[PDB]
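Have a look at the structure below, then the notes.
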Amino acid sequence: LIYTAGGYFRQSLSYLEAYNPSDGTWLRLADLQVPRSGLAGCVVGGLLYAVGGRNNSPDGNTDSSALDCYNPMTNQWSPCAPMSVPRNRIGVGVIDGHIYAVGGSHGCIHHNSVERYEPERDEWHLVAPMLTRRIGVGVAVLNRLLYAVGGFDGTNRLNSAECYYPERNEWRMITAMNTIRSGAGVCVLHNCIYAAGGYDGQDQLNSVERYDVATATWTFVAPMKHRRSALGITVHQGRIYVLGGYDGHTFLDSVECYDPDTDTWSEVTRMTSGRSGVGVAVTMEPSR
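Residue numbers (the authors' numbering): 327 to 614.
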């Protein structure tokens, strides 16, 4: 199933819901312990992690350093050790069973720092910081290298991208995207990095471009039906899914699906309520 955690609909949401692309159903699961938007989701060892974010609430607002883990076999959340700093609008990626937390904001601080979680020790450790401060950064892993794509440095939105080598502990700039994007959905499909949608400081975007490492080139592909920033994104059975987001007017419930064999997007479902800033990942369905 496609799990979506948290999000924003005028307050940090707690929803954890899972979409069955076969059934069409949305399954409503255990709430996050704390409402959070701007978080990321990922899966390690079959467990779903919710990382960072911010609790926007009618009584206060606080960025989050939390890491929490959801087990589909118990339908229970458990806390993990937190990150060194709160990271709203974070990006994450998984290499070798470790979670890399990238960028994000804490109040006025626009992070370039990066840190790594080891589930088997429940420990975070800082690694080399990015060349660039990036809030709303998109993150993907391809051939065990970590890519940070786009974002917002506090002043400018970014089309730059850079690549982290885990065993050299160093970041190297790569070719920039065609389009400036913060809050894009970035994922890896087949053998390439996709960056979908986002915000360039003027418009929400529906364009989608993909990076080929062999040619070190970004190429524009089939754009989405709906412009959207702060969308969620994941890959399920060889297809990209994009969830919700904000189009400048509305918090969308639209979910679109990219078929790479035909280069086409189609709308496949609606979330139960519109929201932006979700964490999304794919794992084995929960135990009836």
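Using N, Cα and C, we set each Cβ at its ideal position, and we do this for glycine too.
Which stretch, first to last residue, makes up the beta strand (DSSP E) that contains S404?
Reading the sequence shown from its first residue, position 78 is the one you call residue 404. Per DSSP, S404 belongs to the beta strand (DSSP E) from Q402 to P405.
Cβ shell of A502 (< 7 Å), same chain only, five flanking positions each side left out:
Walking along the sequence shown from the start, residue 502 turns up at place 176. These residues qualify, in order along the chain: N485, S486 and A487.
Report the option in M597, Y584 and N387 whose CA atom is closest to the CA atom of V360.
As a working note, residue 360 is residue 34 in the sequence shown. Nearest C-alpha to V360: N387.
How far does the beta strand (DSSP E) with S592 in it extend, from its first residue to its last?
Residue 592 sits at position 266 when you count from the first residue of the sequence shown. Where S592 is concerned, the enclosing beta strand (DSSP E) stretches over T590 to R596.
C-alpha gap between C489 and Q530, whole angstroms:
Taking the first residue of the sequence shown as 1, we reach residue 489 at position 163. Taking the first residue of the sequence shown as 1, we reach residue 530 at position 204. Taking the straight line joining both Cα atoms gives about 25 Å.
Please state the DSSP three-state secondary structure of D422.
As a position in the sequence shown, residue 422 is number 96, starting the count at 1. Correct three-state label for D422: coil.
Enumerate in chain order the residues of its own chain whose CB-to-CB distance from residue 311 is below 8 Å, with the five nearest sequence positions on each side excluded.
Residue 311 is absent from the structure shown; the chain starts at 327 and stops at 614.
In angstroms with no decimal places, state the Cα-to-Cα distance between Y329 and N495.
Translated into positions along the sequence shown, residue 329 becomes position 3. Translated into positions along the sequence shown, residue 495 becomes position 169. Approximately 31 Å, taken between the alpha carbons.
Give the DSSP-derived three-state secondary structure of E449 in the structure shown.
Counting from 1 along the sequence shown, the entry for residue 449 is found at position 123. Three-state DSSP puts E449 in a strand.
From the DSSP output, in three-state form, read off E611 for me.
In the sequence shown, the residue the question calls residue 611 occupies position 285. Looking at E611 - three-state DSSP - the assignment turns out to be coil, as it is neither helix nor strand.
Please confirm whether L578 and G564 have their CB atoms less than 8 Å apart.
One-based indexing of the sequence shown puts residue 578 at position 252. One-based indexing of the sequence shown puts residue 564 at position 238. Not in contact: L578 and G564 (Cβ atoms no closer than 8 Å).
Check whether the Cβ atoms of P347 and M610 lie closer than 8 Å to each other.
Locating residue 347 in the sequence shown gives position 21, counting from the first residue. Locating residue 610 in the sequence shown gives position 284, counting from the first residue. No, they are not a contact pair.
Take the Cβ of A542 as the centre, count every other Cβ of all protein chains shown within 10 Å, and call the residue buried at 16 or more, exposed below.
By 1-based counting over the sequence shown, the position of residue 542 is 216. So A542 counts as exposed.
From residue 674 to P405, what distance separates their C-alpha atoms?
No answer is possible for residue 674: the residues shown for the chain start at 327 and end at 614.
Go ahead and label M550 buried or exposed: buried means 16 or more other beta carbons lie within 10 angstroms of its beta carbon, across all protein chains shown.
Here residue 550 refers to the residue found at position 224 of the sequence shown. It is buried - the Cβ of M550 has at least 16 other Cβ atoms within 10 Å.
At 3 residues or longer, what runs of the beta strand (DSSP E) sit wholly inside the segment 536-595?
543-547, 558-562, 565-569 and 580-585
Just tell me which of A607, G511 and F335 has its CA closest to the CA of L557.
The residue you call residue 557 lines up with position 231 of the sequence shown. Ranking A607, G511 and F335 by Cα distance to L557 puts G511 first.
Return the CA-CA distance between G605 and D526, expressed in angstroms with no decimal places.
For the purposes of this step, residue 605 is identified with residue 279 of the sequence shown, where counting begins at 1. For the purposes of this step, residue 526 is identified with residue 200 of the sequence shown, where counting begins at 1. Going by the C-alpha atoms only, they are around 21 Å apart.
Span of the beta strand (DSSP E) around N485:
The residue labelled residue 485 in the question sits at position 159 within the sequence shown. Unbroken beta strand (DSSP E) run through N485: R483 to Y491.
Terminal residues of the continuous beta strand (DSSP E) containing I328?
Your numbering for residue 328 matches position 2 in the sequence shown. Where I328 is concerned, the enclosing beta strand (DSSP E) stretches over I328 to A331.
Any idea which residues DSSP pairs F335 with across the strands?
Walking along the sequence shown from the start, residue 335 turns up at place 9. In the DSSP output, where bridge partners are listed per residue, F335 has none listed.
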